[PDB]
Amino acid sequence: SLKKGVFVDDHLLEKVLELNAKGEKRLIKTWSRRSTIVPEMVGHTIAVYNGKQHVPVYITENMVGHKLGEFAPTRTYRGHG
Amino acid sequence: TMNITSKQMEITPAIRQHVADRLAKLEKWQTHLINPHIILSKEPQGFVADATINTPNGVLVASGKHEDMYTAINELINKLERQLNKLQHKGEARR
Amino acid sequence: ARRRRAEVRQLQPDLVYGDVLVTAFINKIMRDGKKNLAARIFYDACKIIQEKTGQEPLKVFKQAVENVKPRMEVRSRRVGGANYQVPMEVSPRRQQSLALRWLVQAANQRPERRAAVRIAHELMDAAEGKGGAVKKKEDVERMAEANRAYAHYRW
Amino acid sequence: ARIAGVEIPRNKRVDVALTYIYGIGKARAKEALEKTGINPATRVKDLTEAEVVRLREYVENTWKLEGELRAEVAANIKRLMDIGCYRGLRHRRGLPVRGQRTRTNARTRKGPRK
Amino acid sequence: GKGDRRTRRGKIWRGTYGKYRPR
Amino acid sequence: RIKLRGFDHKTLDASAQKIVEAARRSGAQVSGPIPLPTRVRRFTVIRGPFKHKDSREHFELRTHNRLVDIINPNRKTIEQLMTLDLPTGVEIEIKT
Amino acid sequence: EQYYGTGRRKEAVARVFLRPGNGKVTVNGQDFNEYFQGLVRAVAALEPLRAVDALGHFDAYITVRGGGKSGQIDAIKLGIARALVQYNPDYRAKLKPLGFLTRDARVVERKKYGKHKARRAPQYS
Amino acid sequence: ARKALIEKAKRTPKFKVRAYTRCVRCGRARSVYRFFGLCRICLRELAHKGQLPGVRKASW
RNA sequence: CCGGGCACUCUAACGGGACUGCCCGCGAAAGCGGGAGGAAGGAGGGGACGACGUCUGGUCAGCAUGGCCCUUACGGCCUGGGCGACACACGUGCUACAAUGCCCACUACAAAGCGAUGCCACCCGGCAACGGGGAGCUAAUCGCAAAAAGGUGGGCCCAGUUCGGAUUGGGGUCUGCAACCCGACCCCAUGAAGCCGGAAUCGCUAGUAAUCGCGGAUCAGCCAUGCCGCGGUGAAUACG
Ligand SMILES: [Mg+2]
Ligand SMILES: [Mg+2]
Ligand SMILES: [Mg+2]
Ligand SMILES: [Mg+2]
Ligand SMILES: [Mg+2]
Ligand SMILES: [Mg+2]
Ligand SMILES: [Mg+2]
Ligand SMILES: [Mg+2]
Ligand SMILES: [Mg+2]
Ligand SMILES: [Mg+2]
Ligand SMILES: [Mg+2]
Ligand SMILES: [Mg+2]
Ligand SMILES: [Mg+2]
Ligand SMILES: [Mg+2]
Ligand SMILES: [Mg+2]
Ligand SMILES: [Mg+2]
Ligand SMILES: [Mg+2]
Ligand SMILES: [Mg+2]
Ligand SMILES: [Mg+2]
Ligand SMILES: [Mg+2]
Ligand SMILES: [Mg+2]
Ligand SMILES: [Mg+2]
Ligand SMILES: [Mg+2]
Ligand SMILES: [Mg+2]
Ligand SMILES: [Mg+2]
Ligand SMILES: [Mg+2]
Ligand SMILES: [Mg+2]
Ligand SMILES: [Mg+2]
Ligand SMILES: [Mg+2]
Ligand SMILES: [Zn+2]
């Protein structure tokens, strides 16, 4: 899915290619689950919204083509019974 | 199996198994009770309990109505029992 | 059929032997409206009915039909507290219908891989008095008989 | 064994017989009977092991394959169950993946019911 | 068959074209 | 060729005879009204405001076309037809 | 030279030309045998010709459009039947009681709302 | 969230995906017809009233 | 295809024809049986239409409307999540368990519809989805279009299989601002359950059921196997 273009919001895109430039920090809060994890993100802690909470995800080169939402899941399940 | 629908009401696991228990009375007749369905419902006068059940010899349908929910349910089973004894004994007039 | 009597349709005779009994049969072979299919089967079988046991496939067919039609059958009434299987004669209408039906039905239970062969063979044997169909006939007929004494509850 | 990732398929046609290997479908099958010019209708039984050794050698060296694949494959799940992943966290629960409803059905992924 | 994407009858039901039911 | 459109076919066919048989006197050779296949728009709608999906009434919209040809124009058939008796809706077409 | 009749069964129209000859028949530009191969109902709508004991008397030029092969046949039926009765209309007798003319009015029924296939209703409790 | 809704479908916002037919009479999003500008209910009322040009009970 | 023609087929507007009117038979009559002619007879088939009322049926969430309730909040905008959660239980349906079948390749015969920031001929790249170019059409005059089952002849040979296509791995396409949750399609690999189904239970009386494909609304796309239509092939049986 998604053929030619590589989709990152150009809102958190900006934020990552700044923090990397001067003295790289952490704690970037975002509500964009739609954003690809682009190799410039590799390592960081980004706070991703599942809709009631901003869930932090350490980035690793393990996961790149994915979306930032996949790692902050929307449902609290735990079981039945 | 047995399904219960609490319609426009907040019901509970405890009262659900109570209605499962009251319906158990029809097990007396030793005849298959097929996918029974009770519906509990409020009303300004009082509660309402409906049930519709099919058995090898026919189907049972009935409404209980009453102030107390529990006496409505009892009323429902009371009406159902009758219908069930009738499906079970009806042609015995076999002379 | 509350009201009057229910018409029995007549049937277009067939374009090979010009005989109604064949189309009824082909009708009974038919499945999901595919009639062309239902035809070749009967005729292919008719190839085979001549090929092996050289004869007149019409003859063989029309023979094994008379070898199937049940003369007497049970139809069960409730009297008092028991359901009696009751002896009654089958109408020529019903015998045809029961003839063709068991024929096919028993045909399709044969072990032969190709349908027309199954049709071929079942008919050849029924002509001779052997087979699933014929049994069902003799069977139905012994189940009548033995009930001869319920022949008074007869409509 | 016989051939390829060590299945053995005698007595039926070769385009089919090859399917009986992991990784080889009706698609990959028709390929290699072209590239080796072995004639797909010939049943394995009449091979000329010459053809067979040719058949083995291409298929064996070209893609991957019995016991591989499913090793390599499973490794992705062990990856995807490792990373985040959601669709990862769903293999971890033996639950369906591709967005099907879980309220009903879903029995292939859940097994018979109780 | 009608459910099997890899076949003619497959694609017909599904209303699409591909290698197995081409245009 | 003059094409006629519009919904009521009674209104239309009245003014297919008007226009055609007008230019019969004032022109020639007036190739008669030719009915085109009518384009139907069906609307099936659920009868009630609420559930009840098995009760519905069908509503259609009948838009029918007529073509009429006048062989030799005879300009001033381009006047006697440069107005005419309408009626209240219909679609006139003219081209060569 | 010629003899005409118009056949129809179920959204199908046959134009039949009874022009006299060997008995060759052409349907949409090829012999009966090429256009209906297989189908056994094809043996035929030619039945009207065998009805008045003429077999080869006439050839037939036939166009047929609409419906599908069987429907097309039954149209040819009232075709060669309507054409032949025109030729010598002492021909109604033995064609008519043999039920040859008289096109069957049996057609597909409208699908109705709330039902599925126009009669088959959906399942309930 | 209701009458504000009918207003929100009027001026056409950020993306064109967000376009959805509402209807002119009732603010109904569901079962709006493009050709009429109407819901299936509103459509019915008007048709029956005779206010829809050349629109008639079908019947074949 | 041109000339030429409206005979055809058709198209779509207006008429005709069926009346138990005619014969026999019965009846007190109404009317029933049978016959003739007729494309059609006994209401020719299907539709639209559905009494006074019933269910204190249904809908305040389509709309309206009395009354009660909330007024930096029970109002209003937004990003995101959810409405798709899954131990389970029921209802409607799809595809199947195969040889009257499955697959390939060639070859036929519809109807109703729908198309301008739409329907895309045809040419080319691509296994393909698709992507390039690019003609026609305000559309009986262009396009969606292929209808499908069927027909032909070839493979399969009873195998959980060349039955069935679930599930999953990986690679792509398109819509869209965006396909984590959550789209559809295409290709490769994977080929689950399922060998015809307990108690129980549904539909259909003829161009009907069964079976086969096609269109449309809504719609960017689409979770449509749904719904509303459309033709193709075409049965069984009704003593009662
Ligand atoms: Mg491979
Ligand atoms: Mg899904
Ligand atoms: Mg398959
Ligand atoms: Mg099928
Ligand atoms: Mg149909
Ligand atoms: Mg209808
Ligand atoms: Mg429904
Ligand atoms: Mg219902
Ligand atoms: Mg939208
Ligand atoms: Mg004329
Ligand atoms: Mg009336
Ligand atoms: Mg009430
Ligand atoms: Mg309101
Ligand atoms: Mg919002
Ligand atoms: Mg929902
Ligand atoms: Mg179940
Ligand atoms: Mg379904
Ligand atoms: Mg044109
Ligand atoms: Mg298996
Ligand atoms: Mg298989
Ligand atoms: Mg899949
Ligand atoms: Mg994948
Ligand atoms: Mg198994
Ligand atoms: Mg088997
Ligand atoms: Mg069954
Ligand atoms: Mg079956
Ligand atoms: Mg009826
Ligand atoms: Mg759509
Ligand atoms: Mg569809
Ligand atoms: Zn509205």
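Structure determination for the deposited model, as stated in its record, used X-ray crystallography, and the stated resolution is 2.700 Å.

Engineer: Would you mind showing me how to read the packing of helix α3 (residues 57-66) of chain C against helix α5 (residues 115-128) of chain C here?
Structural biologist: For any two helices packed against each other, the geometry comes down to the angle between their axes and how far apart the axes lie. Residue and element names in this part refer to chain C. With their axes 8 Å apart at the nearest point, α3 and α5 run at an angle of 60 degrees to one another. Between α3 and α5 lies a crossing of left-handed hand. Of the residues in α5, those in contact with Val60, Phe61, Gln63 and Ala64 of α3 are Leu123, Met124, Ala126 and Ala127. A per-class count over the contact of α3 with α5 returns seven nonpolar, one polar and no charged.

Engineer: What exactly am I supposed to notice about the interface of chain H and chain F here?
Structural biologist: One frequently used descriptor of interface size is the decrease in accessible area upon assembly of the parts. Contacts between the two partners involve 17 residues from chain H, matched on the other side by 17 residues from chain F. At the level of secondary structure, the elements contributing two or more residues to the side of chain H that touches chain F comprise α2 (40-49) and β1 (55-57) of chain H. Looking at side-chain class alone, the side of chain H that touches chain F contains 10 nonpolar, two polar and five charged residues. Relative to β1 of chain H, strand β4 (residues 56-63) of chain F runs antiparallel, the two being bridged by three bridges.

Engineer: Would you mind showing me how to read the packing of aromatic side chains here?
Structural biologist: Aromatic pair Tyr84 of chain C and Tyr150 of chain C: ring centres 4.5 Å apart, planes at 10 degrees, arrangement stacked. Of this pair, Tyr84 of chain C sits in strand β3 (residues 82-84) while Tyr150 of chain C sits in the segment after α6 (132-143), and the two are 66 residues apart along the sequence. The structure contains a cluster of three or more aromatic residues connected by ring pairs, namely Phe25, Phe42, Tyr43 and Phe61 of chain C. Here the basic side chain of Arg42 of chain F rests over the ring of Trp60 of chain H, its NZ or CZ set 4.4 Å away from the ring centre.

Engineer: Got a minute to help me understand the pairing of strand β3 (residues 54-58) of chain A in this structure?
Structural biologist: Every regular strand shows the same layout, with side chains that alternate between the two sheet faces. Residues and elements named next belong to chain A. Pairing geometry for strand β2 (residues 45-49) and β3, over five bridges, is antiparallel. Directly across from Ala47, in β3, lies its bridge partner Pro56. Hairpin geometry of β2 and β3 is characterised by an intervening segment of four residues between the two adjacent antiparallel strands and by a positive phi of about 110 degrees at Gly51.

Engineer: Sorry if this is basic, but what is going on with the arrangement of the chains here?
Structural biologist: Take the six pairs of chains in contact: the one carrying the most contacts is chains F and H. Nowhere do chain C and chain D come into contact; their C-alpha atoms are at least 19 Å apart. Between chain A and chain E there is no contact, and the shortest C-alpha to C-alpha separation is 18 Å.

Engineer: Please explain the pairing of strand β4 (residues 60-65) of chain G as it appears in this structure.
Structural biologist: Note: strand β2 (residues 13-17) of chain G against β4 of chain G, five bridges, orientation antiparallel. Residue pairing for β4 of chain G: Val13 of chain G is matched across the bridge by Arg65 of chain G.

Engineer: When you look at unusual backbone geometry in this model, what are you seeing that I'm missing?
Structural biologist: For residues besides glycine, phi is generally negative; the peptide bonds are generally trans as well. Cis geometry is found at the peptide bond from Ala28 of chain F to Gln29 of chain F, where omega equals -20 degrees. Looking at the secondary structure, you find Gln29 of chain F in the loop between α1 (9-24) and β2 (31-35). The linkage connecting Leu86 of chain F with the following residue, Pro87 of chain F, adopts the cis geometry, with an omega of -20 degrees. Position of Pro87 of chain F among the secondary structure elements: in the segment after α2 (77-80). Positive phi, close to 65 degrees, is recorded for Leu27 of chain A, a residue that is not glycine.

The rules behind each value
- Residues numbered from 1 in each chain as written, not as in the entry; some residues may be left out.
- Chains lettered and ligands numbered in written order.
- Part of a larger assembly, values for the part shown.
- Heavy atoms only, no water.
- Residues with missing side-chain atoms left out of burial classes, pairs and counts.
- Axes fitted to C-alpha atoms, helices over the stretch in contact; angles between N-to-C directions.
- Helix = DSSP H or I, 4+ residues; strand = E, 2+ residues; numbered from the N terminus.
- Left-handed = near helix turned anticlockwise from the far one by under 90°.
- Contact = heavy atoms within 4.5 Å.
- Nonpolar A, V, L, I, M, F, W, Y, C, P; charged D, E, K, R; others polar.
- Pairing = 2+ DSSP bridges.
- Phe/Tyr/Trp six-rings, centres within 6.5 Å; stacked < 30°, edge-to-face > 60°.
- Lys NZ or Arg CZ within 6 Å of the ring centre and 35° of its normal.

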